[PDB]
Amino acid sequence: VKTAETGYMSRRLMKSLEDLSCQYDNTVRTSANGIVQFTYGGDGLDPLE
Amino acid sequence: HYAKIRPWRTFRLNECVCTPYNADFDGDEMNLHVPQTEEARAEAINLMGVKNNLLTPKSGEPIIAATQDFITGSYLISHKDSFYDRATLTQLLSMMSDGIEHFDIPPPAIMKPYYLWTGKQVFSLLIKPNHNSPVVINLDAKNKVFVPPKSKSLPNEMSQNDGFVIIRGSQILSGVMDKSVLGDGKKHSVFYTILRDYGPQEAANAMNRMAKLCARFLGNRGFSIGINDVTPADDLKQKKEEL
Amino acid sequence: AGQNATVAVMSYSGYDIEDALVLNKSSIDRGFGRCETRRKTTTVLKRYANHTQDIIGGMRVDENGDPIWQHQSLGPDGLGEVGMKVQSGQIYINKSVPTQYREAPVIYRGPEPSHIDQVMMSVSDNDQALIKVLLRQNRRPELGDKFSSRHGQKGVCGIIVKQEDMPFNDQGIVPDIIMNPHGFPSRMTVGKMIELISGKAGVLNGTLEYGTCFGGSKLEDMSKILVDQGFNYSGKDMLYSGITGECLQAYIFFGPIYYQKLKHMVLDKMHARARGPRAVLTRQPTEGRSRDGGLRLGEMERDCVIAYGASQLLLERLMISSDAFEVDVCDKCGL
Amino acid sequence: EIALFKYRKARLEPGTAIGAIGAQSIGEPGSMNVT
Amino acid sequence: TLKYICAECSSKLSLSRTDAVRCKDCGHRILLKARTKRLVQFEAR
Amino acid sequence: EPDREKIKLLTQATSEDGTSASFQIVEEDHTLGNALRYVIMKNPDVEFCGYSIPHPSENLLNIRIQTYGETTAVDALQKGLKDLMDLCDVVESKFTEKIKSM
Amino acid sequence: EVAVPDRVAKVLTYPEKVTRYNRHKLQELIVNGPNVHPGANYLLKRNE
Amino acid sequence: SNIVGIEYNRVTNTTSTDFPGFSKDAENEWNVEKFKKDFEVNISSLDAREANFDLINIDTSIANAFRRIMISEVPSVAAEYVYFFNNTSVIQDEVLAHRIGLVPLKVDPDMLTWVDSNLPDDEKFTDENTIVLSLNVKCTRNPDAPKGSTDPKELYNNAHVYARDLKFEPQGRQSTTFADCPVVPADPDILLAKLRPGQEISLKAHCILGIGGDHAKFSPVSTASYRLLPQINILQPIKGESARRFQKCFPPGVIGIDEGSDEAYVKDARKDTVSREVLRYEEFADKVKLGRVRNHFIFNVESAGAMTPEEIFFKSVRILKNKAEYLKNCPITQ
Amino acid sequence: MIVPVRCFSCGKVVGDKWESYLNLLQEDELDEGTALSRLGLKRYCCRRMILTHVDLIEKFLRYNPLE
Ligand SMILES: [Zn+2]
Ligand SMILES: [Zn+2]
Ligand SMILES: [Zn+2]
Ligand SMILES: [Zn+2]
């Protein structure tokens, strides 16, 4: 039951969060260029770094 | 990855890479895709490459690091009472290098009865083999099982069981090499510090040296599990049926 | 179903890390773990309502009385000869449907050859011919076959080692399998640590022992037989190193475990496709393994390469090399 | 020099699929009468 | 040549185009084709 | 008639003094590498010796020799090959002189 | 790196388009042909 | 110290420690005329199938090398290709061909040359590099059977086919060269197969020579192994009934007792399988220190039949010599 | 199905000691572990070759064509 709900969870969080990206404006925008975040995380920093 | 063409009928990844696939060698299979265009071949090796993906994006923590049996053979070298002479040391340094990489032998840890090198001087040559190597790391870390020192004034590395690793100038002055400093969870790993200071290749080279040594060492040192490991002593057997 | 392997529980070569097991080359040469596959192939020479019948063809010779390549293993009556080697393209039943005869023989399409061992010519209930041809294939442990003990510890063959490279005791015994000590603590199979001693003390005594549930032979007098000879009580021996000659610095838990070889073999699992047949509706590569192939890249790895931002791989791996289609749109209509 | 160079490295690069990355960071890993 | 060992009678009988699959003297209707007379090479590995 | 492909010199590993050298010897194994590595390491001038078989599906072996600055590492290889032949001349001698005395 | 079986490497190709720089290299892969591994399965001409 | 230290949980002091630069006193150089003074061979027993001898005062790099030659690289003759004519037995043909290539043969391998691979398949097998062995048996129902009738030796004529049914056809000049020593299978009662009436085996086998690293059927020994001798140091002597149970902790001939309760003395410390059963008793620990001499090797070399087990050792030293000789006379391709 | 010719872990020939193993047990009977040592199988890798050998050639040969 753990194998199903692991894949099912990020597969539905994907369908809302596919087309969000960090722009050269430093904002995070959608497909239709509507602002989600003026800067990512409030500091602009990258969790992998 | 980069393909390598070998005579059997099976895919052979390295064992430090089987942690992101969350796989083991028990009969499961994988899927190899060969890209076909120059743009799709260059995006795959640069963005999806192993050396660039040595950290998970979830937290920026190492995910490709030492697996289960490369932590054991590494602990058994840098254990406090491993002492090597020139014949054993330079053979052990040739295991990790394939007889190609050049080494500058430090003066030994012990001089007057014999000439002996601790096992912590061997891993300090796995990080930087000679003076031409650029990797000079300075980290400071607690192991998994950390027995603290006797008094609380002795700082951290005066610990019992030798459980606080301090590396100064890419050389190991204390502490064993374990999951805490070679595994896949901590931002004070040895491999993490080589990546964050010197780049993805130098962290990959030091990991390939540790994979080759610990795959030749441990079959010539010997490590094994028996029934006397699991058997309780007869003063546990009396004290169990009291509690 | 299995063989008693001599098993040294130790860490060796770094090719036995996570459930892989180290194997002996000279054991495989003598018949350790060597198996055999048999496969049936039925054709029914059906007769039709047109009073015309399927026929078995003949040997097709060329230039003198020797067969062509596809009829080398055929014999005079069109059904392949028993004992002959068929390989990847030859014909072993040469049947023909209809008086024209449209040649529709069977073709052995396997990646490895296989000897005909049994050809059976009979007639079923409704009075029509029934040929069953059995095909035999011998196969030995390769890198990638699954072995297991009887304790749920499945494992794959990771390396095959030359037998002067294996560790050896004072008597000279080398293991058939080397098993990693890291499969014991997380899995807690202590009943495998008692199978080895009861196996070892029993074979030194000459008696088969018992490991039945809630009972069986006892560890405290399997360790009585084992000191009686001059072995250690705990089953741990002092093995030498085959590579460097020296004493190993640990005592090696060493004795016979019963290993069984599973049907999941890497010869029947390795497959690969460049281009091949396509499904006539979707004009994508086909399904299944026993086709040419096609490995599905679906809905969850697409997610993975979006997260890398690799956009031309995603264009290539999904469209350019799966189903690309040069189409003519109209600009004013859009159809 | 070290600390400032680590700070420019740490900024989110443009073009990254930061929503796709965040959607796999969450769904992937595994008092009284509460859920 | 003579071929087609019977199933349980173990008799020997060649077959024409359209005789039968009957083992004549037995009546049993399974016929095993006998071993070839050709040489078969094996390596002893 | 020399054998041009038995032993090489891995030029990507050597120094320019010749005091360090790697040698790719083919068709050899642990039986000849470990015997050399004992004998070569018994020079007063050899400061590093260790072989390694880099992949088991390659019938091949890399020996590494680093000396101090008084002997080329080819000369320490060629010395240590001679002393290994001198060893087996002793072992052939005392083995036959105890068989035929029996 | 990943170790690929040389029976899979014979069937999984790469469309190497010839240039000035790999003209001599790809000629050796033609003459080796499909059945030895430093080789090649197909050839697609400039126009055919 | 050349004594390996055996303790209850670990083994200590296992490495060579005889090179210059082990200590400040840079001793133990090569000095082949000093190795010649130190080296010594003792011959314990010598059979037509099994040698037992010591190699004293050498390194385990050299001693393991001699063991690895004898197992893997000393050549011998074994059947390689089998050509079946009419195998109608239950054992499959590739199984029976594996049972026939695995029997030993009494060919001397110095009477044959190595076969080739990069030559055509017609002039491949000359009479100097092959040996043709044929098996040809036919199982018939014995009419003169006793009416109890269960043991298949008096039920059928040739119900079992053994290895001494492998006859020898001398090809070419082998009817004069092998006129003195015919090829017999060195263990002639190897049960190859067993039959029932109607079933029949006929074949020829071609027997080339190879080494043990190719297939295990070419390995000349049944096991060539060594061991170091155990030394048993009875510190702080043991007497009385404690010496009676100190005797029992070893194999029986190893340790004697002189006059009942004077002391326990070690009698034949060669004889013990090291099982360190003394170290699990806390009474004798501090009153014994058992070890193992790293210089002193004890070879046991038992043959498969083809050649005498001291010629296996003499060839194996000669092979390791010719490896260092070949490599010294090869040019180093810079 | 029939006895292996050699021990797997040594290569000691054990195929000639199955016909003689059954005679030591059937007549002049021994307790299966001194009948092994009398045949000269010291190593336990070689004792397990014929002790745990189940002989299936005798049962397979009951089902042939009578021929
Ligand atoms: Zn339109
Ligand atoms: Zn019949
Ligand atoms: Zn065998
Ligand atoms: Zn054996």
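Computed from the coordinates by the stated procedures, all read-outs in this text should not be read as laboratory data. Cβ coordinates were reconstructed from backbone atoms using ideal geometry, including for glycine residues, and neighbour counts include every protein chain displayed.
Just one of C:303, C:292 is part of a loop (DSSP other than H, G, I, E, B) and of a type outside the set (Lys, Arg); which is it?
Criteria check complete, one pass: C:292.
Which of the residues spanning region F:57-98 are touching a strand residue (DSSP E or B) at 6+ places or on another chain (Cβ under 7 Å) and either assigned to a helix (DSSP H, G or I) or surrounded by fewer than 19 Cβ atoms within 10 Å (Cβ to Cβ) (or both)?
The answer is F:57, F:59, F:60, F:68, F:73, F:74, F:76, F:77, F:94, F:95, F:98.
Scanning region B:29-72 for residues that are under 15 Å from the mean Cα position of the chain (by Cα) and among the β-branched types (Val, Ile, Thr), which turns out farthest from residue C:15 (Cα to Cα)?
The selected residue is B:63.
Restricting attention to region I:37-49, which residues are closer than 19 Å to residue C:5 by Cα and either more than 7 Å from chain C (Cβ to nearest Cβ) or more than 8 Å from ligand 4 (Cβ to nearest atom) (or both)?
The answer is I:41, I:42, I:44, I:46, I:47, I:48, I:49.
Could you go through region I:55-63 and let me know if any residue there is within 13 Å of chain C (Cβ to nearest Cβ) and either farther than 30 Å from residue H:197 by Cβ or within 16 Å of ligand 2 (Cβ to nearest atom) (or both).
No, every residue in region I:55-63 fails to be within 13 Å of chain C (Cβ to nearest Cβ) and either farther than 30 Å from residue H:197 by Cβ or within 16 Å of ligand 2 (Cβ to nearest atom) (or both).
Quick check on my filter: what residues within region A:17-43 are exposed (fewer than 15 other Cβ atoms within 10 Å of the Cβ) and either within 7 Å of chain D (Cβ to nearest Cβ) or within 25 Å of residue B:55 (Cα to Cα) (or both)?
Listed by number, the residues that qualify are A:19, A:23, A:24, A:26, A:41, A:42, A:43.
I'd like the residue in region C:306-335 that is assigned to a loop (DSSP other than H, G, I, E, B) and β-branched (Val, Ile, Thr) and, out of all such residues, is farthest from ligand 2 (Cβ to nearest atom).
Among residues in region C:306-335 that are assigned to a loop (DSSP other than H, G, I, E, B) and β-branched (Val, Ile, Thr), the one farthest from ligand 2 (Cβ to nearest atom) is C:329.
Residue C:270 - would you say it is away from ligand 3 (no atom under 16 Å from the Cβ), in contact with a strand residue (DSSP E or B) (Cβ under 7 Å, 6 or more places away or on another chain) and facing another protein chain (nearest Cβ under 10 Å)?
Spelling it out, residue C:270 is indeed away from ligand 3 (no atom under 16 Å from the Cβ), in contact with a strand residue (DSSP E or B) (Cβ under 7 Å, 6 or more places away or on another chain) and facing another protein chain (nearest Cβ under 10 Å).
Conditions tested, residue by residue: (1) in contact with a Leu (Cβ under 6 Å, 6 or more places away or on another chain); (2) surrounded by fewer than 19 Cβ atoms within 10 Å (Cβ to Cβ); (3) under 30 Å from residue F:73 (Cα atoms); (4) within 14 Å of chain F (Cβ to nearest Cβ).
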site: B:4; (1), (2), (3), (4): no, yes, no, yes
site: B:7; (1), (2), (3), (4): no, yes, no, yes
site: B:15; (1), (2), (3), (4): no, no, no, no
site: B:43; (1), (2), (3), (4): yes, no, no, no
site: B:50; (1), (2), (3), (4): no, no, no, no
site: B:57; (1), (2), (3), (4): yes, no, no, no
site: B:66; (1), (2), (3), (4): yes, no, no, no
site: B:97; (1), (2), (3), (4): no, no, yes, yes
site: B:109; (1), (2), (3), (4): no, yes, yes, no
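So, in region I:8-30, how many residues would count as being at the interface with chain H (Cβ under 8 Å from one of its Cβ atoms), among the hydrophobic types (A, V, I, L, M, F, W, C) and within 8 Å of ligand 3 (Cβ to nearest atom)?
The number of residues fulfilling the criteria is 1.
Surrounded by fewer than 16 Cβ atoms within 10 Å (Cβ to Cβ), under 25 Å from residue H:159 (Cβ atoms), under 13 Å from the mean Cα position of the chain (by Cα) and away from ligand 4 (no atom under 16 Å from the Cβ): is that true of residue I:28 in this structure?
So residue I:28 fails the test.
Scan region B:218-235 for residues that are crowded, with 22+ Cβ neighbours inside 10 Å and either more than 7 Å from every other protein chain (Cβ to nearest Cβ) or within 18 Å of residue B:16 (Cα to Cα) (or both) and jot them down.
B:218 - this is the single residue of region B:218-235 that is crowded, with 22+ Cβ neighbours inside 10 Å and either more than 7 Å from every other protein chain (Cβ to nearest Cβ) or within 18 Å of residue B:16 (Cα to Cα) (or both).
Would you call residue E:38 more than 14 Å from ligand 2 (Cβ to nearest atom), more than 13 Å from the chain's Cα centre (by Cα), closer than 30 Å to residue H:206 by Cβ and basic (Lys, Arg)?
yes
Quickly run through region B:78-125 and pick out the residues that are more than 18 Å from the chain's Cα centre (by Cα) and at positive phi.
B:99, the sole residue that qualifies.
If a residue has to be surrounded by fewer than 17 Cβ atoms within 10 Å (Cβ to Cβ), of a type in the set (D, E, K, R) and part of a loop (DSSP other than H, G, I, E, B) to count, how many in region C:18-75 make the cut?
Going through region C:18-75 one residue at a time, the tally reaches 5.
Give the residue, chosen from E:17, E:45, that is exposed (fewer than 15 other Cβ atoms within 10 Å of the Cβ), of a type in the set (D, E, K, R) and more than 14 Å from ligand 2 (Cβ to nearest atom).
Exactly one residue qualifies, and that residue is E:17.
For region I:38-67, how many residues are assigned to a helix (DSSP H, G or I) and either under 13 Å from the mean Cα position of the chain (by Cα) or not hydroxyl-bearing (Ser, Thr, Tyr) (or both)?
Number of matching residues: 13.
Given (1) in a helix (DSSP H, G or I); (2) crowded, with 22+ Cβ neighbours inside 10 Å; (3) within 12 Å of the chain's Cα centre (by Cα); (4) of a type in the set (A, V, I, L, M, F, W, C), identify the lone condition not met by residue B:194.
Here residue B:194 clears every test but (3).
Does residue C:45 fit the bill of being over 30 Å from residue C:77 (Cβ atoms) and more than 16 Å from ligand 3 (Cβ to nearest atom)?
Answer is no for this residue.
Go through region H:162-223 and tell me which strands (runs of 3 or more DSSP E), entirely inside it, have 1 or more residues that are more than 8 Å from every other protein chain (Cβ to nearest Cβ) and surrounded by fewer than 23 Cβ atoms within 10 Å (Cβ to Cβ).
The qualifying strands (runs of 3 or more DSSP E) are H:166-169, H:200-210.
List every residue pair whose Cβ atoms sit under 7 Å apart, with the two residues 6 or more apart in sequence or on different chains, where the first one lies in region F:15-31 and is on the phi > 0 side of the Ramachandran plot and the second, anywhere, is of a type in the set (S, T, N, Q).
From region F:15-31, the pairs are F:18/F:72; F:27/F:59.
Can you confirm whether region H:72-85 contains a residue that is facing another protein chain (nearest Cβ under 7 Å) and polar (S, T, N, Q)?
Yes, because at least one residue in region H:72-85 is facing another protein chain (nearest Cβ under 7 Å) and polar (S, T, N, Q).
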